[PDB]
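A look at the structure
What follows is each chain in one-letter form.
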Amino acid sequence: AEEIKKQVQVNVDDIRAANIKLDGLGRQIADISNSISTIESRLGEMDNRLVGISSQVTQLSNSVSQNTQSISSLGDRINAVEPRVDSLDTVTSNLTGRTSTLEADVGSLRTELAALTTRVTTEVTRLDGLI
Amino acid sequence: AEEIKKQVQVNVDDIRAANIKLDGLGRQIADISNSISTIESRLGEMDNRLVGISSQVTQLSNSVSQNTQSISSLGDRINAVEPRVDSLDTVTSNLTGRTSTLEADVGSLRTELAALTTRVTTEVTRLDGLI
Amino acid sequence: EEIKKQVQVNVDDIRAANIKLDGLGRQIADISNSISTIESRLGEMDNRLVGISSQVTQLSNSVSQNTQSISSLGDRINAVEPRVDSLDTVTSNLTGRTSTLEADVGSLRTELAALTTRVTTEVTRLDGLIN
Ligand SMILES: [Cl-]
Ligand SMILES: [Cl-]
Ligand SMILES: [Cl-]
Ligand SMILES: [Cl-]
């Protein structure tokens, strides 16, 4: 029949349009599959960056721990030096005052020795004059 | 003719069902393309975040490097101070002994001069008596 | 006859298109699984960046404490050094004053011995003139 042949031909056409659509979707899918492989490789490149940064942070963490310890060692050394310098300031104050006292005492002894030298002359001259 | 007509309608229905299913698959693919765009935008935000993290790690590294150098300089300055304080301990210990010796010697000279002073008085009184 | 054959060809073509549709459906399901895994990897990456920044901030605070300690130690060594320089100078002046005292006391020692001998010489002489 005429109506039957016409519908059959419309179905042939519609099956062709559905196959065009299937071909288009297959290409969209293939391209997406390929693009996800590149995204996975972009993730790998970022993973590589993070491994290098983490390695640098761990190296810095070790350096900070060494420096915390070195600072503690320097602190023990300056802790120890300071009282030794305080003690030298005390000993030098002590010696300065004792040196000034010696210089006064030697000066007094020098003048007293000159007075006794003069006295021996005075008295010997006097006694000699009486003889 | 009858069987043909019935199968032609089954084909009309099956072609329409295939089209509806193809349209549903197209919408699933559009959703995946949207998921891909979001993933790419997350990766781009991570790249941008890495500019700040790299900058911060480098700033930290440089601060640690400066501190390592400061510790080295301070250690050299304490290494230089220590033997100077050891030297001053020696210098002041030897000066202390020389100051104590001078104090004993000046004390002895003072008492020896007092002995001679009285000897002069005694001998002059004696000689005066004989004249 | 021709119509009957074309209708069965359409049945065959619809069945082939349905195999392809079912295959594409499964390929889309697989791609959806790949996307879910990528989203999980992004979540892990996001936290790996948060973990690095957390560690860098913590380390920065430890470094700040060490920079502070270094400044403190630097203030202490800056203060100690001029005190040691001063002790070198003061002890050098005290040494010169001690050497001068030793020469002066030595001289007064010899002079006092000479005056002791002079008193003996002169008393013997005066006794000789009287007796
Ligand atoms: Cl290391
Ligand atoms: Cl972050
Ligand atoms: Cl950071
Ligand atoms: Cl006489």
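We now turn to the structure provided with this report.

1. Digging into the overall build of chain A
Check the secondary structure of chain A and you find one helix and zero strands. Here the C-alpha radius of gyration of chain A, 56 Å, is well above what a compact globule of 131 residues would show, namely 14 Å. By principal-axis analysis of the C-alpha atoms, chain A measures approximately 190 × 15 × 15 Å.

2. Side note on the overall build of chain C
In terms of regular secondary structure, chain C is built from one helix and zero strands. Taking 131 residues into account, the globule formula puts the C-alpha radius of gyration at 14 Å, and chain C, at 56 Å, lies well above it. Principal axes of the C-alpha set define a box for chain C whose edges measure 190 × 20 × 15 Å.

3. Observations regarding the environment of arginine 110 of chain B
Examined against the element boundaries, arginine 110 of chain B turns out to sit in helix α1 (residues 2–130). When near neighbours in sequence (up to four residues on either side) are disregarded, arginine 110 of chain B contacts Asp105 and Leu109 of chain A.

4. Let's talk about the interface of chain B and chain C
Between chain B and chain C, the contact holds 55 residues from the first and 59 residues from the second. Split into classes, the residues belonging to the side of chain B that touches chain C amount to 34 nonpolar, nine polar and twelve charged.

5. What about the pattern of salt bridges?
Summed over the entire model, instances satisfying the criterion amount to 28 salt bridges over all chains. A salt bridge links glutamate 123 of chain B to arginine 126 of chain B; the nearest nitrogen and oxygen atoms lie 2.8 Å apart. With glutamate 123 of chain B and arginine 126 of chain B both in helix α1, this residue pair falls three residues apart, about one helical turn. Taking the relative accessible area as the measure of exposure, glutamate 123 of chain B reaches 19% and is therefore buried. Put simply, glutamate 122 of chain C and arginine 125 of chain C hold a salt bridge, and the shortest N to O gap is 3.1 Å. Highlighted residues: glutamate 122 of chain C and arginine 125 of chain C, both in helix α1 (residues 2–130), separated by three residues, approximately one helical turn. Given the relative accessible area of 17%, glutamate 122 of chain C is considered buried.

6. Re empty space enclosed by the protein
Here the largest cavity defines a volume of roughly 100 Å³. Around the largest cavity, the lining residues are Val120, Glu123, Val124 and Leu127 of chain A, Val120, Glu123, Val124 and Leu127 of chain B together with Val119, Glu122, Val123 and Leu126 of chain C. Here the second largest cavity is characterised by a volume of approximately 60 Å³. Forming the boundary of the second largest cavity are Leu109 and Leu113 of chain A, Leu109, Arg110 and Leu113 of chain B together with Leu108, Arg109 and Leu112 of chain C.

7. Notes on the environment of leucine 109 of chain A
Take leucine 109 of chain A: it is sitting in helix α1 (residues 2–130). Sequence-distant contacts of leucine 109 of chain A, defined by excluding residues within four places in its chain, comprise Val106, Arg110 and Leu113 of chain B.

8. Re the packing of α1 of chain A against α1 of chain B
A pair of packed helices can be characterised by two numbers: the angle between their axes and the separation between those axes. Look at α1 of chain A against α1 of chain B: their axes get within 2 Å of each other, and the N-to-C directions meet at 5°. For the element pair α1 of chain A / α1 of chain B, the angle class is roughly parallel. Residue composition of the contact of α1 of chain A with α1 of chain B, grouped by class: 63 nonpolar, 25 polar and 22 charged.

9. Considerations on the interface of chain C and chain A
Interfaces are often sized by the accessible area lost when the parts come together. Each side of the interface is counted separately: chain C has 56 residues, and chain A has 59 residues. When grouped by side-chain class, the residues that make up the side of chain C that touches chain A number 34 nonpolar, ten polar and twelve charged.

10. Quick look at the packing of α1 of chain B against α1 of chain C
Closest axis-to-axis distance for the α1 of chain B/α1 of chain C pair is 2 Å, and the angle between their directions is 5°. Taken together, α1 of chain B and α1 of chain C sit at an angle that is classed as roughly parallel. The class makeup of the residues in the contact of α1 of chain B with α1 of chain C is 66 nonpolar, 25 polar and 22 charged.

11. Section: the environment of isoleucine 131 of chain B
You can see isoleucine 131 of chain B is positioned in the segment after α1. The exposure class of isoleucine 131 of chain B is partly exposed, given its relative accessible area of 43%. For the pair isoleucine 131 of chain B and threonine 58 of chain B, spaced 73 residues apart in the sequence, the C-alpha separation amounts to 108 Å. When near neighbours in sequence (up to four residues on either side) are disregarded, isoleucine 131 of chain B contacts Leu127, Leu130 and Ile131 of chain A together with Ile130 of chain C.

12. So, the side chain of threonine 99 of chain A
Along the chain, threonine 99 of chain A falls in helix α1. Excluding its chain neighbours within four sequence positions, the residues that come into contact with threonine 99 of chain A are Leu94, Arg97, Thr98 and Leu101 of chain C.

13. Observations concerning the side chain of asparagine 10 of chain C
With respect to the helices and strands, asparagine 10 of chain C occurs in helix α1. Residues contacting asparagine 10 of chain C, with those up to four places away along its chain left out, are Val8, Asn11, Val12 and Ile15 of chain A together with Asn11 of chain B.

About the criteria used
What you see is numbering from 1 along each chain in written sequence order, possibly unlike the entry, with residues lacking coordinates removed. Here chains are named by letter from A upward and ligands by number from 1 upward, in the order in which they appear as written. The side-chain values count all of the structure's non-hydrogen atoms but skip hydrogen atoms and water molecules. Residues with missing side-chain atoms are left out of burial classes, side-chain pairs and their counts. Each helix is a run of DSSP H or I of at least 4 residues and each strand a run of E of at least 2, with the numbering of both proceeding from the N terminus. Atoms counted for the radius of gyration: C-alpha only. Globule rule: 2.2 Å times residue count to the power 0.38. In what follows, a contact means two residues having at least one pair of non-hydrogen atoms within 4.5 Å. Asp, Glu, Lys and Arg are counted as charged, while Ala, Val, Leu, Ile, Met, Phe, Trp, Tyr, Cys and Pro are counted as nonpolar; the rest, among them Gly, fall into the polar class. Definition used for salt bridges: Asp or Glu carboxyl oxygen within 4 Å of a side-chain nitrogen of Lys or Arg. The cut-offs for exposure are 20% and 50% of the maximum accessible area for each residue type, with area from a 1.4 Å probe on protein chains only; residues under the lower value are buried, those over the upper are exposed, and the others partly exposed. Definitions used for this entry: grid spacing 1 Å over protein atoms alone; cavity, a set of points where a 1.4 Å probe fits but cannot get out; pocket, an open set with protein on both sides within 12 Å along at least 5 of 7 lines; lining residue, one with an atom within 4 Å of a point. Grid points are joined across faces, edges and corners, and a volume is the space filled by probe spheres set on the points. Lines are fitted to the C-alpha atoms to define the axes, a helix being fitted only along its stretch in contact, and any angle between axes, read from their N-to-C directions, falls within 0 to 180 degrees. Geometric relationships in this document are graded by angle, where less than 35 degrees denotes roughly parallel, more than 145 denotes roughly antiparallel, 65 to 115 denotes roughly perpendicular, and other angles denote oblique.

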